[PDB]
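These notes concern the structure reproduced below.
The figures that follow rest on heavy atoms only: side chains count, while hydrogens, waters and symmetry mates do not. Chain A is the first sequence line, chain B the second, and so forth, proteins listed ahead of strands; every chain is numbered from 1.
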There are 2 protein chains.
Amino acid sequence: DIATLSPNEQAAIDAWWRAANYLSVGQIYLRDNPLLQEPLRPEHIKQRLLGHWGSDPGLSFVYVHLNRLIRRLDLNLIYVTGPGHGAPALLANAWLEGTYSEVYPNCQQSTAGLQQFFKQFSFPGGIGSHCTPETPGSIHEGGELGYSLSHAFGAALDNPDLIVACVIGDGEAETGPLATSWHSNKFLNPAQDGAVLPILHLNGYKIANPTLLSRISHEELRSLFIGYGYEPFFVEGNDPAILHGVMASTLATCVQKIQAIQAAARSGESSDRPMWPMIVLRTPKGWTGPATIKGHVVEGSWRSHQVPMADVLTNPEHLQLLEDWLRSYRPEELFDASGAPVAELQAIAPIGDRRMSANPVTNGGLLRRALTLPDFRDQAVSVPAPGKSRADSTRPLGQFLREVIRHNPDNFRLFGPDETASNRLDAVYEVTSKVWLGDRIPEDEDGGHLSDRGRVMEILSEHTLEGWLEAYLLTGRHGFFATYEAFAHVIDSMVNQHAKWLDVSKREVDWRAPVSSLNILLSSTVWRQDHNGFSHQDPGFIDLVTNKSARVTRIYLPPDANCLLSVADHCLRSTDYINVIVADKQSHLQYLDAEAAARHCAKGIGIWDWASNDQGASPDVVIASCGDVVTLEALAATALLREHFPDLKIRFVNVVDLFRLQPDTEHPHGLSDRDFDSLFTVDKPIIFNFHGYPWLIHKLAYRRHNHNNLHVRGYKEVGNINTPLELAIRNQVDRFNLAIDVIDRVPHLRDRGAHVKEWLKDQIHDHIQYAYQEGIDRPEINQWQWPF
Amino acid sequence: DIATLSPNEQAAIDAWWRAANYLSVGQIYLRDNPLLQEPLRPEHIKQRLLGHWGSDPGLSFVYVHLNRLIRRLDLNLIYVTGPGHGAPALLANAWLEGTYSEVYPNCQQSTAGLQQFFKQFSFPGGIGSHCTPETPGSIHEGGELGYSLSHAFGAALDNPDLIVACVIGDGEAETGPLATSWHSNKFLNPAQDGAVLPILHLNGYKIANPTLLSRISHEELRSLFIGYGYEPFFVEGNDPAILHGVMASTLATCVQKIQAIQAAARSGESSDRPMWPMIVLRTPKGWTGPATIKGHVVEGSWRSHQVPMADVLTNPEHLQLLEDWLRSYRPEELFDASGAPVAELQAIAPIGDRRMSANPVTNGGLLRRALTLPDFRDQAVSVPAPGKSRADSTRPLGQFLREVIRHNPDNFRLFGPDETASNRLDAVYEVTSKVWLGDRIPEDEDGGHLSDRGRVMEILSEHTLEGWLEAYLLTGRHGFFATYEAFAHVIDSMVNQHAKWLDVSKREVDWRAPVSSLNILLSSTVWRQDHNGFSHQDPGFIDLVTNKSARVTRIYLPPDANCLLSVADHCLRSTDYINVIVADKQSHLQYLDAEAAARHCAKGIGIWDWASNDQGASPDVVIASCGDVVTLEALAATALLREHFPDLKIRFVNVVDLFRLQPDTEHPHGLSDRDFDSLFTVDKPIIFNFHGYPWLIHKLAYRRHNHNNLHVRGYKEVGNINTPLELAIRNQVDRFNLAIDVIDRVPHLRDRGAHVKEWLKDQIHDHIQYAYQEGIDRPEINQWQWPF
Ligand SMILES: Nc1ncnc2c1ncn2[C@@H]1O[C@H](COP(=O)(O)OP(=O)(O)NP(=O)(O)O)[C@@H](O)[C@H]1O
Ligand SMILES: Nc1ncnc2c1ncn2[C@@H]1O[C@H](COP(=O)(O)OP(=O)(O)NP(=O)(O)O)[C@@H](O)[C@H]1O
Ligand SMILES: Cc1ncc(C[n+]2csc(CCOP(=O)(O)OP(=O)(O)O)c2C)c(N)n1
Ligand SMILES: Cc1ncc(C[n+]2csc(CCOP(=O)(O)OP(=O)(O)O)c2C)c(N)n1
Ligand SMILES: [Mg+2]
Ligand SMILES: [Mg+2]
């Protein structure tokens, strides 16, 4: 009798829904007099209304019916809200369950608690209008639309007993990222992962337009979700007396199908991909709000999206409508004299960690277990002599990540947009494979690396991969994201959203435990351009990330393979950060052995003694590099200057942790003035070679005592199909251009360096001509090794 | 008999396809000996192979069959290529048609022309590996995937006789932007617009993984495209002798259905949304290439994506396979002794502007007609006294765009993500409406503003709107894009792609005519936060645009409504630029009348005489602003300083064209040192108030003679739910913080300004406290007017 809804049971469910709707309206409008004991006066009304109403009745309607199944079936549910502007609905249900009073004791169940609960919403010094980290039971705010469903599937990974109910706005379903994320059911393994129950809140409008999903035919809407791989169930209507029974029947059927799917998969019976149930809920927008305002239809219209009436403070006619709207929920029957919800409502609230707002999954940092990291020195390459041996930079990292996967079989995942093979991380395929629940063919057995239980997620949507990983981290797990630097601008908005979530959680919300870091590896750079990737690719993603402070993000540019291992090992232990690691995958010179790499990465920035020439003396010039390809040209420029100017003293500095250039006043992570002046002197020229836009170095280190001697050479522009040396010449980061820059900058080389400067320009001409004749660089350039 | 393919006609079509495939392989591999007259030696082979092979046979297969219908039905087709890495297929077919020889006379039809044609591809000093602007008949490079389909619909707008054939790679179909762009058929009016014939190139793989669209069941794939609103036709096979007739039949059926749809709609017989035909083409990847390499399957596998053999240069065995691969196309039967294609191939080539590569639509700048712009002074607000009257800033712009739409009924469109009403541009609804082909209800007659022939495009996907507009401009039309600044990070990648296209077209490609500018209006700013928009919204899009230099991008921050009209009028006449206009929509003070606004916008930056105090004297301080909200605080700070320091002389400077801060050496648009020193003195402090990150002003004007006196205040962090004055206080751009900044910077106020500085701090405390207890600012702040 789980499907059938008792008339006695329906009354309590309906009463809860009215109470949830009443509190939603109170949060938007009222700042005083929560229960209308006295007549509603304009001094009780908020000024500058900012909350949204249209989506709230639908969100609360789903919430109360999900609570019914939790009590009856002991389900482990969480609630992911697509329309984040419907935050007051989520807070209202959290308050009714008692979760909000536990987390925030100032908002008690009493009347005085309701004064604070209403006053705080969308108010200065209170809380926001979206599902911010302050919201209990929230892993995602719907401020930026299109990422809700990918977050739902990210939370369901490796959570076999968890069912994630994702409510999706119909306008949000028009966005790019959301349309693709429907296909995430081809990467969800029913045997080992949880289930996502997507609910399409098809209220027909978004802000001022009808939504295209609502205005297509019912047959097209059904065919669309069959094509996405779902089994759609439609709950449509406008009468709550009818929709309560329909919604209860539909949700019960969906949960039974979900549990039947998981039971079949976990017995080794139906290992093929199933058709997951989904619900299309078609209800009026502003369902229980005012019917008409100023003669225009408001309920079931786009006019109820923000507020049915925004001028209640000015004219008494709309103030009376607001009071009539509030009294239509009959609050006298819902709250007792003390202000607490009546015992009828208390009986149907779930208990403990079953409440969808006290669920520990939504505060995943509490469930987080540190990774069992193997010693990365086992994968370290052998560097007997710095700058003389060649090795693939990312191949040791793949072997290291292979051992992380082996030792963390359910805690760690690797995310990549069909570039794991391209990024030369194939070593992870020796222990695991790529998850694939779609159809398989015998041709995939050769080198496909596909299985239903792979630890590597592979889909071409950068939005979907980022959504999966962000929710995977926020639910207490660990991950690693590997992609090309060219396609990093695609996830600019998603990274900004996650950076805001981490920053608010760490500073403003005390009860949210720290989660694992978002580790992004940009495995192919803009200097060693390969077959894939557009021509004018730029390192603009580094600049965008740096806009956020060192408080929440870090940039690492390891110069070789052993430094990449140390950086990856350190970042797999950090918690509240967005770690961006830039490392090219081409065969490169190796500089530091395992022990030197660990020391160098711990310092973030240091002097390379083997490449330096100024031991026990003041250097004539400081040559600094940041980036593997950039570092090679700086070293080659150093070797050229040592051969032609034997008396020239050069100090070589390598920067790995880019944010250490900022002064320690701006952030504790940065170098102090004494430390900065010890590395880069107080008066000598600094020739800084940078992998990225040169202006960024200036932005970070303008408050230094020697900023007037900081010369930065970096990315400017990319012409089509430059050879690696030709591209460096165009941007003037080449060995020859750097040597020319040193000759210009060093005061005592401005006359004696003229003949060398002319010879360097001849070399630039010769190599450019050879690149046009052959399409490749000379063997001497490709096989260059550090002399001395 | 158009559907049936003659055996004689099939032979020529097959011969053309082999010739196209032969030239694709030659472009990837050969740099000499185009027709194998002598044995293939390793010196004929390119070094650093960069072209892609897997997608080429499918692209050429579609191309030759489209040419058949052009010759038979006289269709006006263009070819939009999703897999841009399959560029050598497009160039090969352009060469066979003779288009490439006309555009590039160095690559003639002869054997000598083939030496240059093969040598240039993916070569330094040649052409790129994607469909760059150098490619004839290309409006879109498939470097960044996901935008091909939205570009196809943008080209079809207002082009009733045009059919756009868009080939979509199955890997590309997994991306976010492409998944939602299928719904563009709900905005494409059959009576007035063209038709898009999407062809899904379902070769089963993308780079190293099977595509999810290929591995779902046929019933799911069919249901997916029915749900998208299409009528899918499946062309599946691997034998070309059989697939040639199937493809010819399917394309003929699709075109007849398209013309039947347009004929029914243009007679007023049925104005309902039709089911547009689409084609699913399932062919092996690397279709005619080597079957197996090193014992692994290559044809019909992901291993053929880049190159079946990447080692032909080293070992002779692979070199022999390459020659056997080339001879499998039988080039002795396809090219004449002189190297021209045989007369059999010449017969089936289209003639003139029907060739899909000589189609003038793809070089839309040739078809561009300048807009009939009305005089914007008719919409100008009345400003009898600067800084005293108030008006909505964007409403005059809406009335101006209303008249632009009226005078350009088929040449101009407005694009917005359901924010036209929010951005207060409702005036455009007085002449036109929003295009909507979905189901309509009588409730839409009140304020829906929906019709099948609206000039305003309204979908919630920012990716789709940007794709529509970019192709609309590249085909020679005009448009205006209005959105929120908060959601501008969504289109970062798309704007980067369009910036590359404009920059290469203007500089490197001589035959491409200039197209209209991409005019982006960010109608809601981060300083006036409203109901919509997430908590932590930042002006980072301005920074990303400025990475592209002044050659291709311009940033305008008009201070009031009349300046917005002048900026919008000027930008509707510019051609090869990305114009970003930042203008808040809230009710603001008005400063310049119609004539003064036109003069100020022409200069880009100037001294406001009415707000200045230093006439005939050296100013003590220069107060500069850039942005409407920022300008208000700068003026209020100026008024405060005038009241408390009657002897203080203040020069007020307003910046509208942001790039004029750059020196004229960097770009001719920038101010010279003489002009910059006349506005901002050579030795006085400059208090610069900026709408955006302060570091950007430093980046633009670091090399100025008075940069040591430039003190910039801008956006730092928006926090959550701050009142407008409170948000300015947090970022220290408020009137009180600016006045404090002036007191510190001016040398003779450092002692006499101490008591005023304490009073200013007391005001900051008072307004913050009032904002916490009321949620709104004081009426004195809200109703502030310029005194004097
Ligand atoms: N003080 C500064 N503030 C902001 N950006 C700067 C500054 N100095 C240089 N830049 C930017 O960084 C790049 C390189 O400048 P810089 O690091 O000074 O090298 P440089 O060789 O000294 N060139 P210049 O300073 O013009 O003689 C340029 O493209 C500038 O846009
Ligand atoms: N070369 C530069 N000089 C000054 N500021 C810079 C430079 N490059 C970037 N900036 C940025 O500009 C912002 C604004 O600083 P600024 O305009 O100098 O104001 P200010 O009052 O002078 N503060 P300060 O310069 O540190 O004493 C800083 O926070 C930096 O992030
Ligand atoms: C990409 C994007 N564009 C625009 C917005 C602005 N916005 C916020 S809420 C909203 C309405 C869409 O709501 P819908 O998904 O229809 O939800 P419902 O009202 O049915 O809950 C819009 C356009 C946004 N958040 N994200
Ligand atoms: C968003 C994005 N991610 C990654 C890439 C890298 N890339 C370039 S070509 C390509 C293959 C796409 O496969 P598909 O569209 O099926 O092409 P086809 O099989 O026809 O070659 C990929 C992933 C890209 N261009 N865009
Ligand atoms: Mg909606
Ligand atoms: Mg493919």
Side-chain angles (χ1 to χ4, degrees), chain A residues 54-55 82-83 145-146 149 168-182 198 200-225 227-228 232 234 236 280-283 285 300-302 305, chain B residues 149-150 153-154 156-157 176-190 193 196 198 223-230 271-276 278 415-421 433-441 443-444 448-454 456-468:
Chain A
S55 201
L145 297 178
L149 189 54
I168 291 166
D170 47 347
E172 184 194 6
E174 302 180 1
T175 65
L178 203 62
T180 285
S181 62
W182 292 108
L200 183 63
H201 183 194
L202 196 72
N203 52 19
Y205 300 91
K206 26 183 179 183
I207 285 193
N209 285 271
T211 58
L212 61 86
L213 280 196
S214 60
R215 292 305 180 84
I216 61 180
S217 68
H218 180 273
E219 314 301 330
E220 290 177 62
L221 189 61
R222 199 188 75 99
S223 293
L224 182 62
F225 293 116
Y228 281 137
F234 295 84
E236 305 172 340
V280 179
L281 179 68
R282 192 191 295 273
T283 57
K285 192 169 188 177
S301 176
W302 54 267
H305 169 73
Chain B
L149 187 54
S150 65
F153 284 94
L157 296 171
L178 188 147
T180 189
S181 66
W182 294 105
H183 292 297
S184 303
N185 57 86
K186 295 142 199 60
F187 306 88
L188 184 79
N189 187 22
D193 293 321
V196 177
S223 295
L224 183 63
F225 291 112
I226 292 175
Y228 279 138
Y230 296 94
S271 324
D272 278 357
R273 182 177 55 89
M275 299 311 160
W276 295 98
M278 66 94 59
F415 299 81
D418 195 14
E419 293 170 353
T420 304
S433 59
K434 288 165 295 180
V435 52
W436 187 262
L437 296 176
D439 298 358
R440 294 187 58 183
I441 63 177
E443 290 75 13
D444 289 327
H449 300 299
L450 303 178
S451 65
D452 289 345
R453 290 173 180 79
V456 183
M457 317 285 298
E458 214 87 355
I459 192 185
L460 217 55
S461 179
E462 280 76 7
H463 295 106
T464 312
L465 288 169
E466 183 68 17
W468 290 347

> Run the side-chain contact (heavy atoms from CB on, under 4.5 Å) check on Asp452(B) and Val435(B) step by step: do they pass?
Replying inline: CA-CA 5 Å; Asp452(B) 289 345; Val435(B) 52; over 6 Å; no

> Is it the case that more than 12 heavy atoms not belonging to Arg222(A) sit under 6.0 Å from its CZ atom?
Replying inline: no

Nearest-0.5 Å distance, [atom1] of residue [X] to [atom2] of residue [Y]:
| X | Y | atom1 | atom2 | result |
| --- | --- | --- | --- | --- |
| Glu419(B) | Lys206(A) | CD | NZ | 10.0 Å |
| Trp468(B) | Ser461(B) | CH2 | OG | 8.0 Å |
| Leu202(A) | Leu281(A) | CG | CG | 8.5 Å |
| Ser271(B) | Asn189(B) | OG | CG | 8.0 Å |
| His463(B) | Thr180(B) | NE2 | OG1 | 10.0 Å |
| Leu437(B) | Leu212(A) | CG | CG | 11.5 Å |

Would you indicate whether the side-chain heavy atoms of [Y] and [X] approach each other to under 4.5 Å?
| X | Y | result |
| --- | --- | --- |
| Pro190(B) | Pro274(B) | yes |
| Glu220(A) | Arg273(B) | yes |
| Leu149(A) | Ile168(A) | yes |

> Given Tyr205(A) and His305(A), is the side-chain contact (heavy atoms from CB on, under 4.5 Å) satisfied, shown in steps?
Replying inline: CA-CA 8 Å; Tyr205(A) 300 91; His305(A) 169 73; over 6 Å; no

> Salt-bridged, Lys186(B) to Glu174(A), with N to O below 4.0 Å?
Replying inline: no

> Ion pair present between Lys285(A) and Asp170(A), side-chain N to carboxylate O less than 4.0 angstrom?
Replying inline: no

>> Out of the candidates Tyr230(B), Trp276(B), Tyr228(B), only one should pair with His183(B) under the ring-ring contact (aromatic ring centres under 6.0 Å, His included) rule; please name it.
In response: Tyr228(B)

Search all heavy atoms of [X] against all heavy atoms of [Y] and return the closest pair with its distance.
| X | Y | answer |
| --- | --- | --- |
| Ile216(A) | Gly227(B) | CD1-O, 4.4 Å |
| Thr175(A) | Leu460(B) | CG2-O, 4.3 Å |
| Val280(A) | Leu221(A) | CG1-CD2, 4.0 Å |
| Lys434(B) | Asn209(A) | NZ-OD1, 2.9 Å |
| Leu450(B) | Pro210(A) | CD1-CG, 3.7 Å |
| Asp444(B) | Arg215(A) | OD2-NH1, 2.7 Å |

> Do the rings of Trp182(A) and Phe225(A) sit parallel, tilted or perpendicular, given the 30° and 60° boundaries?
Replying inline: perpendicular

> How are the rings of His218(A) and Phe234(A) set to each other: parallel, tilted or perpendicular (split at 30° and 60°)?
Replying inline: tilted

>> Assess, by modelled atom type and distance only, whether the side chains of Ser181(B) and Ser184(B) contain a donor and an acceptor separated by less than 3.5 Å.
In response: no

> Between the side chain of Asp418(B) and the main-chain N/O of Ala208(A), is any donor-acceptor distance below 3.5 Å?
Replying inline: yes

